[PDB]
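Right, one structure below, let's go through it.
Order of appearance sets the numbers: ligands from 1, and atoms from 1 within every ligand. Throughout, a chain's letter reflects where its sequence line sits, starting with A, and its residues are numbered from 1.
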Amino acid sequence: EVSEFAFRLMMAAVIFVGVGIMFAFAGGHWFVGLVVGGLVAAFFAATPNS
Amino acid sequence: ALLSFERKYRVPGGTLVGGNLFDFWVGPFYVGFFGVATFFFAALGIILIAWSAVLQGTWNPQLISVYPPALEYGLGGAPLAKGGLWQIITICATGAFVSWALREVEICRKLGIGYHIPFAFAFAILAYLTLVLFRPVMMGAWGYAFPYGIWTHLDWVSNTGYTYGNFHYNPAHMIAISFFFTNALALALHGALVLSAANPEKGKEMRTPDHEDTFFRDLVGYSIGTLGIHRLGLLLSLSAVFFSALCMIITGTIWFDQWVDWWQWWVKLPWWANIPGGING
Amino acid sequence: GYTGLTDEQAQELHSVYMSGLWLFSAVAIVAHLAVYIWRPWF
Amino acid sequence: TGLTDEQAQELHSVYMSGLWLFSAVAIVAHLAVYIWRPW
Amino acid sequence: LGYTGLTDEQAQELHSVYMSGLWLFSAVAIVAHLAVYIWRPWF
Amino acid sequence: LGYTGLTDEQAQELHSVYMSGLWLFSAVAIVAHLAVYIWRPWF
Amino acid sequence: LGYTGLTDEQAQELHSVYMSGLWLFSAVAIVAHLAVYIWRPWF
Amino acid sequence: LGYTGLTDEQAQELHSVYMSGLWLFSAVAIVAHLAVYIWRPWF
Amino acid sequence: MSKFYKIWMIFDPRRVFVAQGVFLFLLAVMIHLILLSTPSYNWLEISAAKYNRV
Amino acid sequence: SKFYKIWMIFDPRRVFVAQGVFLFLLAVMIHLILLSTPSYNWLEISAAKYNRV
Amino acid sequence: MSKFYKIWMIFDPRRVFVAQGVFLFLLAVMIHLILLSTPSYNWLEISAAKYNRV
Amino acid sequence: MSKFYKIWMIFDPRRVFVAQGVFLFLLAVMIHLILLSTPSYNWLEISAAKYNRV
Amino acid sequence: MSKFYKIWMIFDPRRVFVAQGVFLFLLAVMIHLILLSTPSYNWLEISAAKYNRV
Amino acid sequence: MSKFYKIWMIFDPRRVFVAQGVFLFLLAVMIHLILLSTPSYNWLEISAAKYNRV
Amino acid sequence: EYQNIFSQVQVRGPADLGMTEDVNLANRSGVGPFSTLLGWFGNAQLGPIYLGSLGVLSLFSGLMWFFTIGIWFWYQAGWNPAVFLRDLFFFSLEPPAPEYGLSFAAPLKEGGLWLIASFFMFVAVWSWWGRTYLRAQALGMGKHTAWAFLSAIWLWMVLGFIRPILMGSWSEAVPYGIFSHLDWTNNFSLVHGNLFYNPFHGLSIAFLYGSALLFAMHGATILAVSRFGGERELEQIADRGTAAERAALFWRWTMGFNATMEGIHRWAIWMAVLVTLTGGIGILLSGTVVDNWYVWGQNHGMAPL
Ligand SMILES: CCCCCCCCCCCCCCCCCC(=O)OC[C@H](COP(=O)([O-])OCC(O)COP(=O)([O-])OC[C@@H](COC(=O)CCCCCCCCCCCCCCCCC)OC(=O)CCCCCCCCCCCCCCCCC)OC(=O)CCCCCCCCCCCCCCCCC
Ligand code: BCL
Ligand SMILES: COC(C)(C)C/C=C/C(C)=C/C=C/C(C)=C/C=C/C(C)=C/C=C/C=C(C)/C=C/C=C(/C)CC/C=C(\C)CCC=C(C)C
Ligand SMILES: COC(C)(C)C/C=C/C(C)=C/C=C/C(C)=C/C=C/C(C)=C/C=C/C=C(C)/C=C/C=C(\C)CC/C=C(\C)CCC=C(C)C
Ligand SMILES: COC(C)(C)C/C=C/C(C)=C/C=C/C(C)=C/C=C/C(C)=C/C=C/C=C(C)/C=C/C=C(\C)CC/C=C(\C)CCC=C(C)C
Ligand SMILES: COC(C)(C)C/C=C/C(C)=C/C=C/C(C)=C/C=C/C(C)=C/C=C/C=C(C)/C=C/C=C(\C)CC/C=C(\C)CCC=C(C)C
Ligand SMILES: COC(C)(C)C/C=C/C(C)=C/C=C/C(C)=C/C=C/C(C)=C/C=C\C=C(C)\C=C\C=C(/C)CC/C=C(\C)CCC=C(C)C
Ligand SMILES: COC(C)(C)C\C=C/C(C)=C/C=C/C(C)=C/C=C/C(C)=C/C=C/C=C(C)/C=C/C=C(\C)CC/C=C(\C)CCC=C(C)C
Ligand SMILES: [Fe+2]
């Protein structure tokens, strides 16, 4: 079995990559994508659902 | 031979390969299967270093150097006196390190402790393999590795760094240096604190962990604790080595220019790229 | 139910949530209509 | 295992209903796009 | 329900005053946008 | 209800004095902006 | 209400002394600005 | 107050000694500034 | 949507509402940034061009 | 053809969250690919149609 | 309005008010910085051009 | 309206006062620096130019 | 106004006085440094030029 | 002067005296270093110039 | 499977105010907030912090140093927040030019303000050292922290105060910048030949790698034997348990020799003070005694020649 923390980390990583590509396209720069994706991923991963 | 408490811990078990075979001690050392392997590889490497010194024509231990094959050989074999000995010694060094780690695992499971020490050692083995195997293999030749000499591998460090201008503009390099400096600071503070509690002013009783907690709470306003400080030391050391390995693996494979030029992406951000002031304007 | 929240509570919460979603969608629809009048994208 | 067979039946049924609704909207969208610009 | 502890009347009164504040803030924003649009329109 | 804990009659008086301070601060700000606009307008 | 343990009278006297100090400081600052403006006006 | 425990008389005497020290220090500072200004004015 | 409140008895409404608000704001900001990137729909440049504000 | 036992094996919340994230990310990447191509970039071809540029 | 008052049964007012204040301020700052970054609508530079401040 | 005072039963007044003071000072300093960095509204430079200080 | 004295029943006067002293000193030092960095209002260089000290 | 003595009913005189000593010494050293930094008012260099020391 | 890297359950009780050996309790503050993240890794409690006279001195001087450097950076940015953020890591306070030597006559824009900031920093660091000594003394402990900090101070003093005086110029000192002091170290190595061939540089690097090696080893060992309560080392010194015995036997069966629960800390403190001490010596030797370290190595059997 996998832990709830482990699931949060997997989904945080995929959300980080997704939102990063998303806002690197939206903004002109990859740094915008990195910042927005990392903030969203940190917020998602810091709040386990159990 | 034995420590005053050692006898009850020497019991027949915990091996990985073999059984009662190789399950004995030689003096203080434990010599299992991987003890034999480690000894063989280490002795072979040391004799080959001495024979390379014979070939090179020097007996000064600070001038002995074993050079990797030239770039014209690529990732193939080389003549023994022209890079083959370096390759053999590299194989021996890798074998010695991996057998040392496996021997440590055997000792860990004979004593009933966790395997934190072999894991930590494996981090260093991976840094060595990054410098000697992974980066040369990606870069295409064994000649991008470093030579086995006391002052010539420092020449390798200098030349490799100055290929990319000033090397401490590499970002992962900056992270690794910060971790190394922080680790040395933490080690000094930790050793000093434990000693000061165990060795108080003359004629005083030993201090307690409460006194240590109070000392750092008085000093900086926070105490991380004993478990906390040991976790911090392990992670600081491992993160330093991990980020050094990263900064080297990205150096000749993804990056090719001066790193000070890499730092221009922040300056050329569109919303302040052209504001006329400061240093870059 | 993982949350333990009962059927009637779920029905009432869903009704209010649907009303809010409809209000949001109505505002978005009128915004799109105004922008399409201003500058069609088709 | 926290769910029972009845609960699994009901959850799967509602989920398939929603999935078919989503697929219907996707069908009409794809048809509109194909009419607008065939590929 | 028992997530926060506010009863029905408290939630209703809190929402009423919150909506008063929201409408005041929105009205100030509307006046600001009207002034800016008179000064230099974006449409 | 008072989560931090203040009677409604304590809250009313605290808000009255807070409004007094806010209005004084904002009036000083209006005078400063009027002076700057007369000296050097930005519209 | 009195989060600091000061009553109304202690607070009133404290504020009187603080007001006196503030007005003294402000008078000195005003005179300094008047002297500098006569010496070199910035408007 | 209870903040420090000094009485009114102790505080008054302490302030008298402190003010004597301050006025001595300020007198020396004024004499030094007068000397420097006669020697090399900065205005 | 014959019976969709089952997701409300499965999911805790506070967490769902937080995630939904964050997601909606991000989606709106993204679409706005995409429109601002394209010169055809950059309404600030459109307004500047049609009023000769250079 | 039962297929309902996936709710037995996995927690339904994990299944819902994973599939929602995947579906949204996939749709967004498809839209980005469409915008990247000179054709099907509906904003650019809308500009060309109405002579916006 | 209709039934929205019940959102406060769910969300704690302190958390909501703090997050709302931070969000509104950051949104206002972002819109202002976007307007300053365009050569048009940069109210400081266009007033300088209008009154010939340079 | 007329019942905003209840905000003080939601927020601790001293925390709000500290945050408000810090916020106001930082905002004021940021605006003053923005006006100093602009060649216009740099009051020191325009006063120097008007009075021929250089 | 007349009712401000009640700020002292919220804030500890000792902490307020220490923060206020630090704030005032840092503000004054910053303003003096800003004036010194400016070619004009550098009173030392102004006196050097007026009296031909260099 | 008027009633400022009550400050000593609020503050521990030890802390006040230590803070004054530290502040006054640091400020005096800073001003002296600033004066040495200016080519004028550097009493050593101008005494050297006026007596032809160098 | 639990590796004891992160806590899996976290418990909170009343805050611990600390010991009262002879500390002046009026100079302490209250306890701060608890933090759950720090609780995951270590202790959750923040504070109370001691702040006495030496603390006021250190805070004032360090605040003035930080403020002086920051105001200079703001001047370089042109008082522009955007330029300040953009060219942060590029601003620097430079020391006086080489023409001024050790004199204090350099202008404020050239090197005087660097001198002011350096005075503030000197006072701050020496008062902080005094604070560490006095905080150790108040609780009755030994002063090991003070002497290790003195080693670090020795390297800092050589870099910023002692070597510029021996070289006779303030321009030899380090600038206050992020990239600027990095460029300073690179130029220092280039001007003095090759700092790789400074032998005390080599010793300092040996002891830095040794600190990393030793304290990975020691953290891993304590985590490995913490199933026996090994992290409570102060009582493993007083009452040796199976944890200390197993640690000693691991390292004795591995590398032939071991330590105690206290001797390992002696090893640790010395391994770190040695990196900083040898570094100070090697920097003091550069330029004053050896102007070209590669030629020194050639003359001393370290380079092929
Ligand atoms: C011929 C040449 C070769 C020379 C040597 C050759 C001789 C043969 C070999 C000798 C080697 C012996 C090594 C063993 C020492 C271990 C002793 C020990 O650890 O425990 C005992 C003892 C305390 O043991 P304890 O059981 O824990 O006590 C508990 C107490 O109850 C309660 O605690 P406490 O309050 O009593 O104090 C606890 C502390 C106490 O120990 C101390 O008190 C140390 C005092 C500070 C170091 C002295 C330098 C400070 C400057 C002088 C001004 C102060 C002097 C007066 C000190 C006050 C003492 C009352 O104990 C410690 O463990 C601290 C360990 C870390 C000390 C690191 C100090 C580095 C400072 C950096 C100075 C840099 C400036 C100059 C650099 C060099 C210049 C080129 O500690 C010491 O004695 C420390 C000795 C300090 C050595 C100083 C370093 C020498 C550096 C030379 C480098 C090589 C030169 C190459 C360059 C040449 C250039 C030309
Ligand atoms: C091109 C660059 C040059 C070079 C140039 C230099 C120079 C120049 C120096 C070093 C120094 C060192 N170098 Mg070298 N170095 C090179 C290559 C290397 C390599 C490598 C693998 O290539 C390595 C591992 C090293 C490693 C080392 C370290 C062992 C050593 C620094 C110790 C330390 O902790 O300093 C950092 C610690 C300090 C400076 C001490 C600070 C203590 C004070 C008290 C702190 C005050 C903080 C202030 C108050 C903070 C406020 C903070 C807030 C409170 C948060 N160098 C090449 C050849 N290196 C130093 C040394 O000693 O050399 C002999 C040195 O000066
Ligand atoms: C590059 O790609 C581009 C950007 C061009 C296009 C790609 C696009 C995509 C992938 C767009 C996705 C759009 C989506 C997926 C939109 C879905 C939007 C949603 C999910 C909207 C729901 C809005 C619902 C809202 C505001 C609900 C408001 C509800 C409000 C009060 C009700 C609160 C609930 C309550 C009150 C009851 C109280 C409690 C009890 C116990 C009764
Ligand atoms: C880059 O963007 C630029 C810079 C271009 C522009 C962007 C700008 C923004 C986003 C600006 C933000 C403007 C805002 C939103 C400003 C906030 C203004 C406010 C709301 C200020 C509050 C003023 C209130 C003040 C000073 C309060 C005075 C209050 C008092 C003294 C209160 C007294 C309280 C008391 C005494 C204790 C009494 C206790 C009892 C029990 C009676
Ligand atoms: C870059 O931006 C630039 C620098 C260009 C411009 C930006 C500028 C700003 C943002 C300037 C802000 C200026 C401000 C915000 C100034 C506030 C100044 C104040 C608030 C001054 C207070 C003066 C009050 C003073 C000295 C206190 C007098 C207090 C007293 C003696 C204390 C007595 C009180 C007592 C003793 C205790 C009584 C005890 C009993 C028992 C009754
Ligand atoms: C870039 O910035 C530059 C440097 C250019 C300009 C910036 C400038 C500023 C911001 C300057 C501000 C300077 C200030 C703020 C000066 C304040 C000076 C003061 C207020 C000094 C007070 C000195 C008081 C002194 C010496 C008195 C100490 C008194 C004593 C020992 C008297 C003893 C009192 C006693 C003993 C109590 C015993 C009695 C009993 C009953 C126990
Ligand atoms: C908005 O932001 C504000 C303005 C509020 C503050 C932000 C500020 C910034 C951006 C601060 C920048 C801090 C930095 C970037 C500091 C760099 C510190 C570094 C990295 C120093 C690096 C090496 C420094 C070394 C070795 C210094 C050695 C210094 C010495 C021993 C002190 C020597 C003392 C002596 C020279 C001069 C003797 C003269 C007298 C009168 C004793
Ligand atoms: C270029 O375009 C970019 C890329 C920048 C982005 C484009 C667009 C977007 C995405 C814009 C976002 C617009 C939004 C979504 C704005 C949100 C606006 C809101 C939601 C404003 C709410 C204003 C409400 C306000 C001020 C209410 C404050 C309420 C109060 C005073 C009343 C509270 C008083 C009380 C509660 C006491 C409670 C009673 C008791 C008994 C405890
Ligand atoms: Fe330890």
Side-chain angles (χ1 to χ4, degrees), chain A residues 26, chain B residues 190-191 193-194 226 229-230 233, chain E residues 6 9-11 13-26 29, chain F residues 1-3 8 11, chain G residues 6 9-26 29, chain H residues 1 3 8 11, chain I residues 21 24-33 35-36 44, chain K residues 8 13 17 20-21 23-24 27 30-31 33-35, chain L residues 3-10 21 24-33 35-36 43, chain M residues 8 13 17 20-21 23-24 27 30-31 34, chain N residues 3-11, chain O residues 74 79 215 218-219 221-222 230-231 233 261 264-265 268:
Chain B
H190 176 47
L193 186 62
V194 170
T226 67
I229 190 60
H230 300 84
Chain E
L6 286 60
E9 306 179 2
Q10 312 186 237
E13 175 184 29
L14 192 152
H15 191 74
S16 191
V17 63
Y18 177 89
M19 293 321 293
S20 310
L22 186 148
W23 293 133
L24 176 63
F25 183 89
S26 293
Chain F
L1 66 94
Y3 266 104
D8 168 310
Chain G
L6 294 175
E9 294 294 328
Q10 323 199 66
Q12 285 199 18
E13 276 295 337
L14 211 155
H15 197 68
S16 296
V17 185
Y18 180 91
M19 286 308 87
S20 46
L22 195 157
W23 294 133
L24 194 54
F25 188 88
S26 294
Chain H
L1 293 177
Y3 282 163
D8 190 76
Chain I
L24 281 183
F25 177 61
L26 254 47
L27 186 67
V29 167
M30 191 208 279
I31 296 163
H32 285 102
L33 294 178
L35 292 177
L36 284 168
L44 299 181
Chain K
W8 312 107
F17 293 168
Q20 153 141 352
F23 165 82
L24 287 183
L27 180 71
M30 165 181 62
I31 299 170
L33 287 182
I34 291 188
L35 288 179
Chain L
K3 291 174 70 175
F4 286 154
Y5 67 75
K6 296 190 166 292
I7 193 80
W8 303 116
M9 323 192 288
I10 310 205
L24 288 188
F25 179 60
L26 289 192
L27 183 69
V29 159
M30 158 81 45
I31 301 170
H32 286 101
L33 292 174
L35 290 184
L36 269 172
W43 52 103
Chain M
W8 301 119
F17 287 11
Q20 183 180 183
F23 168 78
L24 285 195
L27 187 68
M30 195 220 313
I31 298 172
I34 288 176
Chain N
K3 294 181 177 67
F4 289 158
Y5 73 88
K6 302 230 217 193
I7 178 73
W8 309 111
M9 309 231 315
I10 296 274
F11 277 100
Chain O
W74 274 109
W79 322 105
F215 182 43
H218 181 69
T221 311
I222 292 302
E231 64 271 45
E233 300 164 291
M261 266 288 186
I264 188 59
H265 297 99

Q) Between CG of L35(I) and CE of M30(I), what distance do you get to the nearest 0.5 Å? A) 12.0 Å
Q.
Heavy-atom contact check, 4.0 Å cutoff: does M30(K) meet ligand 8?
A. yes
Q | Protein residue, atom and distance nearest to atom 6 (C) of ligand 5, heavy-atom basis | A | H32(L) CG, 3.8 Å
(Q) So for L24(K), does at least one of its heavy atoms come nearer than 4.0 angstrom to any atom of ligand 8? (A) yes
Q.
Quick check on contacts: which atoms of ligand 5 are under 4.0 angstrom from a heavy atom of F17(M)?
A. 34 (C), 35 (C)
Q) What is the minimum heavy-atom distance between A268(O) and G191(B), and which atoms define it? A) CB-CA, 4.4 Å
Q. What is the closest protein heavy atom to atom 6 (C) of ligand 8, and at what distance does it sit?
A. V29(I) CG2, 4.2 Å
Q: Check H230(B) against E231(O) and note the closest heavy-atom contact, atom names and distance.
A: CE1-O, 4.4 Å
Q: Look at the side chain of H15(G) and the backbone N and O of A11(G), then say whether any donor-acceptor pair between them is shorter than 3.5 Å.
A: no
Q) Given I229(B) and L193(B), is the side-chain contact (heavy atoms from CB on, under 4.5 Å) satisfied, shown in steps? A) CA-CA 11 Å; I229(B) 190 60; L193(B) 186 62; over 6 Å; no
Q | 4.5 Å side-chain heavy-atom contact, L14(G) and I10(N) | A | yes
Q: For ligand 5, indicate whether the residue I10(N) contacts it via side chain, backbone, both or neither (heavy-atom separation under 4.0 Å).
A: side chain
Q.
So if I count the atoms of ligand 5 from 1 in the order they appear, which ones are less than 4.0 Å from some heavy atom of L24(M)?
A. 18 (C), 21 (C)
**Q.** Residue, atom name and distance, where the atom is the protein heavy atom closest to atom 40 (C) of ligand 5
**A.** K6(N) CB, 3.9 Å
Q. Which residues satisfy the ring-ring contact (aromatic ring centres under 6.0 Å, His included) test with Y3(F), sequence neighbours excluded?
A. none
**Q.** Atoms of ligand 8, numbered as shown, that sit under 4.0 Å from any heavy atom of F25(I)
**A.** 10 (C)
Q) In the protein, what heavy atom is nearest to atom 15 (C) of ligand 5, and what distance, to one decimal place, separates them? A) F23(M) CZ, 3.9 Å
**Q.** Count, waters excluded, of protein N, O or S atoms under 2.8 Å from the Fe ion (ligand 9)
**A.** 6
Q) Is the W8(M) ring parallel, tilted or perpendicular to the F17(M) ring (thresholds 30°, 60°)? A) perpendicular
Q: Indicate yes or no: at least one non-hydrogen side-chain atom of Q20(K) is less than 4.5 angstrom from one of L24(K).
A: yes
Q) Going by the atom numbers of ligand 5, which of them fall below 4.0 Å from some non-hydrogen atom of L14(G)? A) 37 (C), 38 (C), 42 (C)
Q: Among all protein heavy atoms, pick out the one at the shortest distance from atom 1 (C) of ligand 8; state its residue, atom name and that distance to 0.1 Å.
A: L36(I) CD1, 3.8 Å
Q.
Suppose I only count heavy atoms of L33(L) and a 4.0 Å limit; which atoms of ligand 5 are within that range?
A. 1 (C)
(Q) For atom 20 (C) of ligand 5, what is the closest protein heavy atom, and at what distance to 0.1 Å? (A) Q20(M) OE1, 4.4 Å
**Q.** Proximity flag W79(O) to ligand 5, non-hydrogen atoms under 4.0 Å
**A.** no
Q. Would you call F4(N) and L24(G) a side-chain contact if the rule is heavy atoms closer than 4.5 Å?
A. yes
Q. How far does CZ of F215(O) sit from CD1 of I264(O), to the nearest 0.5 angstrom?
A. 10.5 Å
(Q) Taking 4.0 angstrom as the limit and counting only heavy atoms of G21(G), give me the atoms of ligand 5 inside it, by number and element. (A) 28 (C)
Q.
Salt bridge or not between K3(L) and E13(E)? Use side-chain N to carboxylate O under 4.0 Å.
A. yes
Q) Looking only at non-hydrogen atoms, which of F25(E), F17(K), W8(L) approaches atom 36 (C) of ligand 8 most closely? A) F17(K)
Q. Got the closest protein heavy atom to atom 13 (C) of ligand 5, with its distance?
A. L27(M) CD2, 3.6 Å
Q: Would you check whether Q20(K) reaches within less than 4.0 Å of ligand 8, judged by its heavy atoms?
A: yes
Q. Hey, which atoms in ligand 5 end up nearer than 4.0 Å to a heavy atom of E13(G)?
A. 42 (C)
Q: For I7(L), counting its heavy atoms only, list the atoms of ligand 8 lying under 4.0 Å from any of them.
A: 37 (C)
Q | Atom CH2 of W23(E) with >12 non-hydrogen neighbours under 6.0 angstrom | A | no
Q) Evaluating non-hydrogen atoms only, which member of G21(E), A26(A), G2(F), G21(I) is closest to atom 30 (C) of ligand 8? A) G21(E)
Q. Should the heavy atoms of other residues, nucleotides or ligands under 6.0 Å from CZ of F25(I) be counted, would the total exceed 12?
A. yes
Q. Are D8(H) and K6(N) within salt-bridge range, i.e. N to O under 4.0 Å?
A. no
Q | Flag: protein heavy atom within less than 4.0 Å of atom 20 (C) of ligand 8 | A | no
Q) Side chain, backbone, both or neither: which part of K6(L) comes within less than 4.0 Å of ligand 8 when only heavy atoms are counted? A) both
Q | Stepwise side-chain contact (heavy atoms from CB on, under 4.5 Å) test for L6(G) and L1(H) | A | CA-CA 10 Å; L6(G) 294 175; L1(H) 293 177; 3.8 Å; yes
Q. Do other residues, nucleotides or ligands put more than 12 heavy atoms under 6.0 Å from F25(E) CZ?
A. no
Q.
Check contact between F23(K) and ligand 8, using heavy atoms of the residue and a distance below 4.0 angstrom.
A. yes
Q | Among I34(M), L26(L), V17(G), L36(L), closest by any non-hydrogen atom to atom 36 (C) of ligand 5 | A | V17(G)
Q.
I need the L27(L) CG to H32(L) NE2 distance, nearest 0.5 Å.
A. 10.0 Å
**Q.** Verdict with supporting geometry, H190(B) and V194(B), side-chain contact (heavy atoms from CB on, under 4.5 Å)
**A.** CA-CA 6 Å; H190(B) 176 47; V194(B) 170; 3.5 Å; yes
Q: Report the nearest protein non-hydrogen atom to atom 4 (C) of ligand 8: residue, atom name, distance rounded to 0.1 Å.
A: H32(I) CB, 3.7 Å
Q. Near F25(L), which atoms of ligand 5 are under 4.0 Å from a heavy atom of that residue?
A. 10 (C)
(Q) To the closest 0.5 Å, what do you measure between CD1 (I31(L)) and CG (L26(L))? (A) 11.0 Å
Q. Which residue and non-hydrogen atom of the protein lie closest to atom 27 (C) of ligand 5, and at what distance in Å?
A. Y18(G) CE1, 3.9 Å
